[PDB]
Amino acid sequence: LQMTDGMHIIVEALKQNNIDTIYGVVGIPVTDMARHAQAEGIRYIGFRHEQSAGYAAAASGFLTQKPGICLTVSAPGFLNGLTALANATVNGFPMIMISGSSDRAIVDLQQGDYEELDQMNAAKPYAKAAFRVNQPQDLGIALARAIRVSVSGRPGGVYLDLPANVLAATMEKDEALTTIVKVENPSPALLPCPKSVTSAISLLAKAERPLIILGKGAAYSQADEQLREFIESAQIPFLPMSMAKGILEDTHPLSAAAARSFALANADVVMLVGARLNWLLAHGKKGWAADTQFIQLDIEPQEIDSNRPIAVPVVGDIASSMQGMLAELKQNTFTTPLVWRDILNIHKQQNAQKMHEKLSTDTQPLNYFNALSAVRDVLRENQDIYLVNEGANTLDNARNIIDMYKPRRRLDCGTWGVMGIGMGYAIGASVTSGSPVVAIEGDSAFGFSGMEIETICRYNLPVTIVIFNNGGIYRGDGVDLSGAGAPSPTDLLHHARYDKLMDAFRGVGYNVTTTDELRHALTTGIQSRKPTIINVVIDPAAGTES
Amino acid sequence: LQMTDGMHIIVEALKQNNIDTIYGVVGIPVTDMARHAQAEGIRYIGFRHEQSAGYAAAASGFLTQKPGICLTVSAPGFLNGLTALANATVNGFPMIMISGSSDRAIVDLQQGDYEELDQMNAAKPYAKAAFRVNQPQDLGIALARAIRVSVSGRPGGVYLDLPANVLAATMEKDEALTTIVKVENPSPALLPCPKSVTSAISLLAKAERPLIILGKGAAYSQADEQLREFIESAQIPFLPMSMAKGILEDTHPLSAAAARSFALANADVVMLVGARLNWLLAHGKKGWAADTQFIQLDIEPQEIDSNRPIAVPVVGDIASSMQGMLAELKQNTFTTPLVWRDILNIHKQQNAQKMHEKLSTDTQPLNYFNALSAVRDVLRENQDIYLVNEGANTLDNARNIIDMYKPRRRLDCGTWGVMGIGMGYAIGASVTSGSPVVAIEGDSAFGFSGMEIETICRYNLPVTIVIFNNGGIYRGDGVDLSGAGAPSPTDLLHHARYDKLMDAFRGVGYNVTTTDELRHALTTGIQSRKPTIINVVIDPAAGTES
Amino acid sequence: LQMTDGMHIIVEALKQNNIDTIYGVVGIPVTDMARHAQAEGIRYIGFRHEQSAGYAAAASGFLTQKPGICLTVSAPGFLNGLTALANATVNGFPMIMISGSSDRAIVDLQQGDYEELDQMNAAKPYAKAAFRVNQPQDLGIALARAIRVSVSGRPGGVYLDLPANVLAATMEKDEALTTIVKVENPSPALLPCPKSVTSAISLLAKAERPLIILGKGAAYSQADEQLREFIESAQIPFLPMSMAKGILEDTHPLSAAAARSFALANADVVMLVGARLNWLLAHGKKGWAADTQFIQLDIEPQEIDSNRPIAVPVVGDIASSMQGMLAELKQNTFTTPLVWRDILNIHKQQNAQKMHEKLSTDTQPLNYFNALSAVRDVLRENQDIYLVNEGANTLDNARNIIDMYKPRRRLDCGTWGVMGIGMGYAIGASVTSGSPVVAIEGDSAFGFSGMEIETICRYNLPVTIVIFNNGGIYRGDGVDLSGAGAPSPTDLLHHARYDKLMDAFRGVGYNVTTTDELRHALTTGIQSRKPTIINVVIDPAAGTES
Ligand SMILES: Cc1ncc(C[n+]2csc(CCOP(=O)(O)OP(=O)(O)O)c2C)c(N)n1
Ligand SMILES: Cc1ncc(C[n+]2csc(CCOP(=O)(O)OP(=O)(O)O)c2C)c(N)n1
Ligand SMILES: Cc1ncc(C[n+]2csc(CCOP(=O)(O)OP(=O)(O)O)c2C)c(N)n1
Ligand SMILES: [Mg+2]
Ligand SMILES: [Mg+2]
Ligand SMILES: [Mg+2]
């Protein structure tokens with residue numbers, strides 16, 4: 001009579017569901033679970049802080065449509081991971097945070113258990129669902145629920161709570177195997193109303209000035225070929241939002257990225273593809289035509305009419321809706337007016353000339369534009385990389401300047417504009433893909449997760465961290481207004497040498513003050529596949545404060 | 001007609017209430033508030049992550065009984081600070097986290113505002129109270145509430161939400177000044193039932209084997225002289241809990257710290273002073289006498305009978321209760337039986353001899369005992385320092401070995417056993433006191449807040465960080481059980497040189513492999529008052545795993 | 001320039017969205033809103049308690065797919081309505097509860113406002129969404145969101161909070177009109193993956209013992225003709241769950257209702273149509289074959305694998321799914337094994353014979369069977385009624401014995417087994433339909449909403465309330481086990497005459513003790529269309545417990 005326990009059961013359930021990586025920080029009561037998972041051939045990546053583990057998991061979910069798995073301990077570790085779970089739900093990235101919890105009887109009486117918290121209830125506001133498993137025979141179905149919840153609808157974080165007692169709880173091994181559930185097709189296709197599709201095509205065909213906006217839902221869908229075919233067939237100008245850059249290459253002739261304001265102000269019919277009318281699009285209000293008509297492809301009927309009335313909702317999974325839209329277009333072809341494309345190009349060209357001046361003009365110290373021009377030159381020759389990016393000036397300028405050539409290669413601060421995603425996203429992207437990562441980091445941004453450089457060294461991951469060191473938050477030229485000479489609230493240490501941090505962990509560091517030095521250091525870093533920090537000296541006065 | 005705005009009003013309210021320090025991370029919508037606070041002579045300390053800002057604030061509250069102030073931005077920064085606010089409430093440390101929030105109208109409709117979150121409601125589970133201020137004329141009374149709530153009863157975290165619009169909202173300056181509220185005596189004395197006090201003394205006087213346990217409520221109360229007088233008058237053996245070490249010096253002849261198990265198993269009457277029967281005391285169950293009778297001094301009547309029935313509750317603020325207890329003892333003196341003290345001393349001596357062997361026996365590599373013996377030798381000569389401590393082996397062994405000579409000088413992982421409090425507590429303690437800090441840090445523990453070494457350098461704070469580098473969580477000799485040769489879930493990088501991190505920020509680093517080297521490096525670090533990291537090479541096999 | 005205010009704007013928005021009835025209880029700050037809605041041609045129905053108003057709104061939603069509107073005041077009224085909102089969400093019935101709230105500034109500071117509560121946050125755990133409107137120009141979009149959310153996915157309750165200030169807030173009339181949103185097609189069709197449809201048909205065609213279960217979702221969908229055609233085409237036995245009775249008439253040859261236990265114990269393939277594997281189906285565990293394979297038609301992907309692994313999820317709206325299932329069956333026809341249908345029929349006849357004996361045997365006093373047989377005699381002759389039903393014995397027996405002939409005519413205690421839905425569901429059904437209602441009520445059940453008989457009288461609604469008066473909860477023969485002779489916890493007043501309650505409100509009352517009296521009284525009630533109570537004297541010892 002062979003016995004097993006809850007810990008072995010949950011590991012087997014993860015294995016059967018093709019989980020091959022767990023991102024976490026161990027401790028009571030989950031250390032043995034991690035060790036056993038690794039024994040069973042799951043890759044374990046241990047972090048310096050759970051929030052970076054959670055960011056890594058969500059990145060892996062965005063890239064793959066399989067929920068990333070984040071493992072934490074009870075209360076103190078759980079709360080750190082929860083901050084990341086919250087971010088995944090806001091952004092629409094599938095992940096499951098699995099946390100140990102303490103003694104249900106003691107916690108339910110608030111008697112002061114070890115790491116006491118009702119973690120299930122704590123996670124509820126920040127997750128698509130929060131489940132807690134009390135019986136080992138329910139672990140398999142619980143994981144099945146968590147997987148389906150995380151990837152169905154608009155994807156997001158799910159919390160799965162494993163009390164210490166369920167991990168230790170025993171059952172007969174043969175019976176235990178019958179309770180494990182392998183989920184086939186956890187996010188089934190949901191097809192739109194055919195009438196919606198016909199109405200959408202008809203409205204586009206009548207448009208004088210149609211515009212498609214590709215949002216991160218579009219990128220997540222992996223409908224890359226359908227989106228490109230639709231756009232090129234009808235020659236419809238498009239605006240890629242940050243993490244949608246690269247679905248079509250950013251150099252594509254139909255991209256209106258360089259005339260964004262003109263496009264939003266003048267488009268008459270706008271087709272949102274997995275793009276919400278939230279603050280990133282000014283809620284469809286400021287800067288938009290008074291009477292824009294919207295077509296909206298979104299999986300969530302609850303998102304329709306959230307901000308502006310939507311003329312033609314196309315509710316369904318984006319891949320299925322794009323298949324329908326393409327089929328309807330084939331039967332009822334149209335071509336966007338050439339005049340609209342031509343006038344867009346006038347505006348794009350005006351801005352391109354202004355950008356080109358900034359990119360190509362040398363300054364000492366460096367500014368954002370000439371530094372990022374050097375980065376742009378290198379990355380153009382290394383189109384296999386993933387790009388992670390966070391900061392304020394460092395974020396907005398890199399978003400504009402660094403062209404993405406392939407889809408789902410850009411990961412950034414996202415909908416909540418979180419500083420602290422940089423190292424976790426780099427680790428998640430590198431582990432998931434096996435590809436090199438370049439992280440373009442504000443100096444303040446980097447400080448939120450910088451201890452993870454040891455994690456990067458520990459697993460010898462090919463991450464090149466390029467820190468835009470302007471000596472502060474937005475700018476480094478702040479002054480203490482009291483006259484006391486203290487650092488201002490936005491100042492960081494003058495001339496910190498972040499490259500030297502790598503010396504602690506046997507990584508590589510470069511300090512750079514010119515575009516030639518930056519180009520060399522970045523090329524060498526990427527080619528070397530060694531963990532590398534490049535400290536870029538940026539003019540403290542170059543940035544603007546939002 | 002001179003006008004002012006909400007931002008100026010809240011700064012003036014903080015000033016009038018003797019807030020002289022704010023710990024935070026700025027960004028929209030609070031940067032100008034921080035700059036203006038600093039203009040007005042409030043010291044601003046900016047962190048690399050809000051959780052360390054929040055830990056600093058709570059430390060300052062524990063040391064002073066004045067709530068520490070933590071300032072954050074909206075959603076992403078707020079959530080990071082919230083993790084620390086939660087910790088303050090659990091531990092009983094007064095603090096106020098002030099966060100900017102976004103547009104109430106947009107957030108209430110869930111339309112996707114910039115940094116959208118109902119932060120007030122989010123903070124409610126983790127705070128004594130959560131307030132949100134919509135009108136500038138209510139800022140003064142709101143701050144008054146927050147101060148009184150944070151320090152009254154059992155102290156804890158309070159959340160104060162300032163929507164961006166209230167900061168910008170204007171009012172006439174003279175009228176505005178009339179709405180500012182200076183709180184006098186925000187935590188008034190609450191005196192116990194005199195019958196409780198008489199019953200407590202009577203029970204102690206009948207005890208064969210009485211024991212006092214001093215908890216962090218005792219330390220917080222600053223009733224140092226009354227506690228010492230009571231203990232010495234009746235010669236009552238006492239057990240200091242971690243953050244109560246030093247109320248009486250740890251070398252005091254009545255301390256039963258070195259016979260803890262014997263004391264708990266054999267005491268007949270136990271007087272808890274600001275000490276909960278939670279997991280840290282095994283809930284008064286395992287390891288206790290079957291029929292212990294409890295006296296409990298606590299400010300919270302809701303804590304009485306939480307775990308074991310309490311024979312004599314003494315409900316009131318600990319300082320007031322100790323004044324009553326001392327007065328009642330003076331009228332009805334007794335002396336603890338000498339036999340009980342003598343048999344305690346037998347057991348203390350048995351353990352002292354075992355400890356002394358471990359402390360004084362050289363090993364290569366170093367172990368926890370001989371390394372901490374070197375630390376003990378230095379700290380005995382530097383009794384003006386604050387000691388911050390976190391880890392597992394690093395925590396438990398330092399707690400046992402490093403004697404505290406003065407009260408409220410030890411700050412550690414606390415009731416939730418949080419890793420990540422080390423740098424924030426060191427910064428809070430240093431800024432508050434103007435004294436040197438020694439942080440004795442596990443290598444895993446340090447990784448949770450290690451980027452704050454730049455903060456320490458930026459403000460040139462006299463913090464010596466001693467990292468017990470055993471190469472992992474508990475131990476550094478883990479193995480990948482799959483045979484693939486990957487780092488085990490508990491391993492960190494082999495032979496990381498954390499001392500080299502200081503090179504980035506112009507701090508000082510020492511690497512040490514012997515007790516002589518450690519003693520020298522630690523003495524020099526403390527005397528120098530320079531930001532310093534000491535990397536201590538500890539045997540990877542020395543630690544135990546809980 | 002002509003002005004308007006929030007109150008006028010929201011009424012106009014309700015009108016434009018074809019809201020023609022509001023169910024409510026007035027008071028500050030919503031009385032004028034109700035007066036004006038009524039002025040504008042909306043039918044106002046005022047209740048004696050908000051819980052019944054909310055039940056009425058949810059009933060109307062179930063019957064129509066248009067959310068019922070419940071209107072309440074702030075805290076005390078809001079909380080009463082919330083209990084009903086919670087029930088709507090659990091059951092999947094669309095409704096919007098609109099509540100006034102107090103002063104956001106005062107409530108956010110917890111200063112003790114008039115009827116102070118954060119109502120939006122209070123409603124969140126019980127609603128699909130909770131929205132709060134601060135600006136009158138956002139009232140139209142807020143209502144548009146509330147409508148869409150309430151009827152999409154699995155339908156449910158939405159809370160819409162209107163602070164007193166928004167109702168009073170003014171704007172220019174013409175501009176205000178441009179902010180009103182008329183929602184077209186609030187729940188668009190969502191079609192299932194074609195492969196899942198083909199898989200479902202394939203599995204059914206291979207089944208030896210297939211069974212369809214029709215749940216409330218099937219009833220709500222209004223796919224009556226598609227369901228009938230599918231069932232009849234393949235001759236698939238079906239089980240109607242309570243509120244799905246009548247989709248096909250309960251006397252249909254293929255109904256397995258009279259062999260329910262045998263059918264669940266023996267089916268090999270079970271097709272759930274808008275039916276959860278919750279407690280009502282014993283979670284697919286107790287009473288089921290060990291290896292049942294499930295097809296599940298549900299709109300909510302989060303419901304799949306909640307309890308038992310589901311072999312063939314068919315995710316999409318039920319009407320759309322059934323259209324696809326029907327089309328696929330046509331291309332791939334099959335006939336359910338005759339042997340299976342025959343065996344079911346053997347079991348059905350045996351239970352029908354046992355039923356007939358209980359039904360046809362007269363007793364004094366009446367029992368549940370002969371009383372309900374009398375009721376069925378009358379309802380057989382009066383088929384255009386609505387049936388409301390609640391109780392324990394009164395519920396289970398009426399569910400079994402009263403055949404439904406048409407869909408969406410039965411309303412009962414539902415998924416949470418709530419006592420107190422009877423009067424509200426009766427009012428909602430009669431107001432919505434214009435048809436007579438028969439409410440078959442346990443005497444305890446009736447007590448939960450009994451004051452609403454005045455409401456029934458006030459609006460002269462054709463409701464006949466048939467109270468099964470057995471003198472208590474389950475039974476009326478309880479004894480005080482102390483010997484003191486007090487009523488037992490399940491006893492109600494011996495021989496209460498509920499019919500006399502109607503005297504207070506000029507309604508009609510009958511007391512009945514025999515089947516003949518019962519038949520006459522019920523026939524007269526229905527045909528008179530007068531508010532009527534029939535007090536039915538039931539044997540206190542007839543019922544069973546639990
Ligand atoms: C967790 C978190 N805390 C605070 C903020 C506020 N914030 C916005 S940008 C920013 C950093 C800006 O400085 P940096 O990253 O150095 O970029 P720069 O503009 O200097 O290039 C911060 C802290 C945030 N977005 N997230
Ligand atoms: C925020 C948080 N995450 C995880 C844990 C679990 N945990 C307990 S001790 C510990 C670290 C132990 O290693 P270390 O600090 O290096 O001390 P050592 O025992 O090796 O001396 C961790 C991560 C925790 N307590 N808090
Ligand atoms: C709001 C609410 N309170 C309590 C219950 C528990 N409960 C179940 S059935 C029932 C009443 C049973 O008696 P009755 O309605 O008279 O029917 P009978 O069995 O006597 O025919 C009650 C109170 C409930 N379901 N809902
Ligand atoms: Mg910067
Ligand atoms: Mg360690
Ligand atoms: Mg009854």
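Naming convention: chains lettered A, B, ... in sequence-line order (proteins, then strands); numbering from 1 in each chain. Indexing begins at 1, ligand by ligand and atom by atom, following the structure's order.
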Problem - A:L372 vs A:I440 side-chain heavy atoms within contact, under 4.5 Å - result: yes
Fill in the blank from the handout: Note: ligand 1 atoms sitting under 4.0 Å from heavy atoms of A:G442 are 14 (P), 15 (O), 16 (O), 17 (O)
Practice task
Consider every N or O of A:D443 and every N or O of ligand 1, then say whether any pair is closer than 3.5 Å.
Solution key: yes
Exercise for the section: Determine, stepwise, if the pair C:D396 / C:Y368 fulfils side chain to side chain donor-acceptor pair (under 3.5 Å). Expected result: CA-CA 10 Å; C:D396 297 326; C:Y368 287 94; over 6 Å; no
Fill in the blank from the handout: Note: ligand 1 atoms sitting under 4.0 Å from heavy atoms of A:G472 are 13 (O), 16 (O), 20 (O)
Exercise for the section: For residues A:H49 and B:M451, determine if any side-chain heavy atom of one lies less than 4.5 Å from a side-chain heavy atom of the other. Expected result: no
Fill in the blank from the handout: Atoms of ligand 1 under 4.0 Å from any heavy atom of B:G77, numbered from 1 in the order shown, are 1 (C), 2 (C), 3 (N)
Completion exercise
For the Mg ion (ligand 6) the protein N, O or S atom count under 2.8 Å stands at 3
Handout entry: contact_flag A:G417 ligand 1 heavy-atom lt 4.0 Å
Key = yes
Practice task
Specify the protein heavy atom at minimum distance from atom 15 (O) of ligand 1: its residue, its atom name, and the distance to 0.1 Å.
Solution key: A:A445 N, 2.9 Å
Problem - Option with minimal heavy-atom separation from atom 18 (P) of ligand 1, where the choices are A:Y368, A:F446, A:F468 - result: A:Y368
Exercise for the section: Examine A:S444 against ligand 1 and note whether any of their N/O atoms are separated by less than 3.5 Å. Expected result: yes
Problem - Worked check of ring-ring contact (aromatic ring centres under 6.0 Å, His included) between B:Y159 and B:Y126 - result: CA-CA 9 Å; B:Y159 175 56; B:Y126 305 108; over 10 Å; no
Handout entry: Side chain proximity check, B:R35 to A:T490, heavy atoms < 4.5 angstrom
Key = yes
Practice task
Check whether any side-chain heavy atom of A:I465 lies under 4.5 Å from a side-chain heavy atom of A:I456, and answer yes or no.
Solution key: yes
Handout entry: Structural part of A:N470 in contact with ligand 1, heavy atom criterion under 4.0 angstrom
Key = side chain
Fill in the blank from the handout: ligand 1 atoms nearer than 4.0 angstrom to some heavy atom of A:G391 are 15 (O), 17 (O)
Fill in the blank from the handout: Nearest non-hydrogen protein atom to atom 22 (C) of ligand 1, with distance, is A:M419 CG, 3.6 Å
Exercise for the section: Heavy atoms only: give me the nearest B:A123-B:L82 pair and the separation to one decimal. Expected result: CA-CD1, 3.7 Å
Exercise for the section: Check whether any side-chain heavy atom of B:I28 sits under 4.5 Å from a side-chain heavy atom of B:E115, and report yes or no. Expected result: no
Practice task
Write down the atom of B:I106, the atom of B:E116, and the distance for their closest heavy-atom approach.
Solution key: O-OE1, 3.8 Å
Problem - Side-chain heavy atoms of C:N393 within contact of C:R475, under 4.5 Å - result: no
Exercise for the section: Could you pull out the closest heavy-atom pair between A:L518 and A:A371, with the gap in Å? Expected result: CD2-O, 3.4 Å
Exercise for the section: Please could you name the atoms of ligand 1 that B:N80 approaches to less than 4.0 Å, counting only its heavy atoms? Expected result: 1 (C)
Exercise for the section: Give yes if a backbone or side-chain nitrogen or oxygen of A:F448 is under 3.5 Å from a nitrogen or oxygen of ligand 1, and no if not. Expected result: no
Practice task
Indicate, as side chain, backbone, both or neither, the part of B:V73 found under 4.0 angstrom from ligand 1 when only non-hydrogen atoms are considered.
Solution key: side chain
Exercise for the section: Quick one: look up the protein heavy atom nearest atom 17 (O) of ligand 1 and list residue, atom name and how far away it is. Expected result: A:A392 N, 3.2 Å
Practice task
Report yes if some heavy atom in the side chain of A:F47 is under 4.5 Å from a heavy atom in the side chain of A:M423; otherwise report no.
Solution key: no
Exercise for the section: Measure the shortest side-chain to side-chain distance between A:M419 and B:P76 over non-hydrogen atoms and say whether it is less than 4.5 angstrom. Expected result: no
Handout entry: Sub-4.0 Å atoms of ligand 1 with respect to non-hydrogen atoms of B:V26
Key = 6 (C), 23 (C)
Practice task
Mark up the atoms of ligand 1 that fall under 4.0 Å of a heavy atom belonging to B:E50, in ascending order.
Solution key: 1 (C), 2 (C), 3 (N), 4 (C)
Practice task
Verify ring-ring contact (aromatic ring centres under 6.0 Å, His included) between A:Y498 and B:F505, making sure each step is shown before the conclusion.
Solution key: CA-CA 8 Å; A:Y498 289 98; B:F505 310 118; 5.7 Å; yes
